[PDB]
Amino acid sequence: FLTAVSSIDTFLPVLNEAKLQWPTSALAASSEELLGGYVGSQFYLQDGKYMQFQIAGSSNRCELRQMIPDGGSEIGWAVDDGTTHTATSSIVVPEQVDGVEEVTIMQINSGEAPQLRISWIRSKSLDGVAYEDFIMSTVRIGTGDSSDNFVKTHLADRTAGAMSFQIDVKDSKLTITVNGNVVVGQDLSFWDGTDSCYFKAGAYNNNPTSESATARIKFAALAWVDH
Ligand SMILES: O=C(O)[C@H]1O[C@@H](O[C@H]2[C@H](O)[C@H](O)[C@H](O[C@H]3[C@H](O)[C@H](O)[C@H](O[C@H]4[C@H](O)[C@H](O)[C@H](O)O[C@@H]4C(=O)O)O[C@@H]3C(=O)O)O[C@@H]2C(=O)O)[C@@H](O)[C@@H](O)[C@@H]1O
């Protein structure tokens, strides 16, 4: 018997502003269904306090997608609309099983390309330095595929305990704060006028080396706010 995330109060504000996609982007459960007790092995309340996401398979996901609150439709905002768009979370990333290589846990996505992905990464060299078992940001500065289209940053090594995140977008600039420390005024002006941006959070499994290996991510808190 699995306990539903909506059975406690902690996540109700964000569930009232999200739909769930599982196991792919095109298969979704509405905000109303989430508030109404949606539960499964992919999305349940773990140890009485964690909104836990689980997913296996290449490019599969169990992920919340920002909606207009109170039964509204899909949100679309712009990096240059003058409003500050903020996402906060507290995440416990447990040890990922063999075959899981990268798990995107928060995003700014849009109808064009992902402006930002915060992901757990097993192993990567960045600007001549090797990092392992760590949290990375990937920001797009163009629409191409080569590395010049991205800015990748080591944010923090994965910790045993909960790790807090804050993503702030205002006036075409991005700030990321991890455990209260600023880790990224990153320019987003390439995306000026893109009116389809939205936040996501959960687990999106990228480039696994086993199709059966299950990514698993635990949220102690998640909120998205517009000021
Ligand atoms: O930097 C290196 O050294 C290596 O980079 C390798 O290329 C990377 C890119 O740098 C990006 O990380 C790129 O991110 C992709 C994701 O792989 C994934 O396709 C994602 O998919 C979106 C998609 O838009 C879809 O519509 C839906 O929204 O799901 C996804 C989402 O929710 O975000 O889109 C990202 C993107 O396009 O920005 O991934 C590649 C990669 O191959 O993994 C590579 O060049 C390697 O050789 C380098 O060593």
Side-chain angles (χ1 to χ4, degrees), residues 14 17-29 42-43 53-67 73-79 85 87 89 91 93 96 99-155 165 167 169 174 176 183-184 186-191 194-211 213-217 219 222 224:
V14 74
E17 315 189 3
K19 67 181 182 182
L20 187 73
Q21 297 168 339
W22 170 79
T24 67
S25 293
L27 290 165
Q42 66 274 19
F43 184 78
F53 300 85
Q54 283 191 118
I55 188 67
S58 287
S59 294
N60 288 339
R61 71 193 74 222
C62 189
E63 197 180 26
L64 295 170
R65 190 285 194 217
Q66 187 185 9
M67 302 293 282
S73 49
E74 286 75 17
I75 203 164
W77 47 260
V79 303
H85 305 277
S89 68
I91 305 178
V93 183
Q96 298 303 301
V100 180
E101 304 286 311
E102 178 175 12
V103 185
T104 296
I105 63 185
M106 301 179 80
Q107 308 196 57
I108 300 165
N109 204 11
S110 69
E112 287 159 3
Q115 285 72 30
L116 170 66
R117 292 184 304 100
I118 295 183
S119 62
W120 171 85
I121 297 289
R122 185 174 296 274
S123 175
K124 173 121 177 54
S125 184
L126 294 176
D127 191 24
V129 182
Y131 300 99
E132 310 278 338
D133 189 25
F134 72 101
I135 314 300
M136 191 172 73
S137 58
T138 301
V139 173
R140 271 186 170 275
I141 58 166
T143 56
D145 312 311
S146 64
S147 67
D148 282 5
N149 291 276
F150 307 91
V151 178
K152 296 185 187 182
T153 308
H154 172 267
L155 308 182
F165 294 85
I167 301 169
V169 172
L174 170 65
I176 303 175
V183 292
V184 174
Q186 163 70 56
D187 182 59
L188 298 175
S189 69
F190 181 86
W191 304 109
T194 296
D195 295 319
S196 62
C197 300
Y198 57 95
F199 288 125
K200 309 192 85 191
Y204 172 31
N205 188 35
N206 314 122
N207 302 316
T209 57
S210 164
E211 293 301 312
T214 301
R216 186 170 66 89
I217 304 293
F219 282 71
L222 177 67
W224 29 69

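Count residues from 1 along the sequence. When a ligand or atom number is given, it counts from 1 through the structure's own listing order. In what follows, every heavy atom counts, from backbone to side chain, and hydrogens, waters and symmetry copies are set aside.
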Can you give me a line-by-line list of nitrogen or oxygen pairs between ligand 1 and the protein shorter than 3.5 Å?
residue	atom	partner	partner atom	Å
ligand 1	1 (O)	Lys152	NZ	2.8
ligand 1	3 (O)	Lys124	NZ	3.1
ligand 1	5 (O)	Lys152	NZ	3.3
ligand 1	10 (O)	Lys152	NZ	2.6
ligand 1	12 (O)	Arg117	NH2	3.0
ligand 1	14 (O)	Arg117	NH2	3.4
ligand 1	21 (O)	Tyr204	OH	2.9
ligand 1	28 (O)	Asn109	ND2	2.9
ligand 1	29 (O)	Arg61	NH2	2.8
ligand 1	29 (O)	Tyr204	OH	2.9
ligand 1	32 (O)	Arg61	NH1	2.9
ligand 1	32 (O)	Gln107	OE1	3.4
ligand 1	32 (O)	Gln107	NE2	2.9
ligand 1	33 (O)	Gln107	OE1	2.5
ligand 1	37 (O)	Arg140	NH2	2.9
ligand 1	38 (O)	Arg140	NE	2.8
ligand 1	38 (O)	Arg140	NH2	3.4
ligand 1	43 (O)	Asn207	ND2	2.9

Quick one: are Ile75 and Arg65 in side-chain contact, heavy atoms under 4.5 Å? yes
Provide the closest heavy-atom pair for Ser110 versus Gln115 in the form atom of the first, atom of the second, distance. OG-NE2, 3.0 Å
Ring-face cation contact, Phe190 with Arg140, 6.0 Å cut, 45° max: no
Can a donor-acceptor pair be found between the side chains of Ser119 and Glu102 at a distance below 3.5 Å? yes
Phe53 side chain near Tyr204 side chain, heavy-atom distance below 4.5 Å: no
In sequence, state the C-alpha distance, the side-chain angles, and the governing distance for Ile217 and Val93, and then conclude on side chain to side chain contact (heavy atoms under 4.5 Å, CB included). CA-CA 5 Å; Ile217 304 293; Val93 183; 4.0 Å; yes
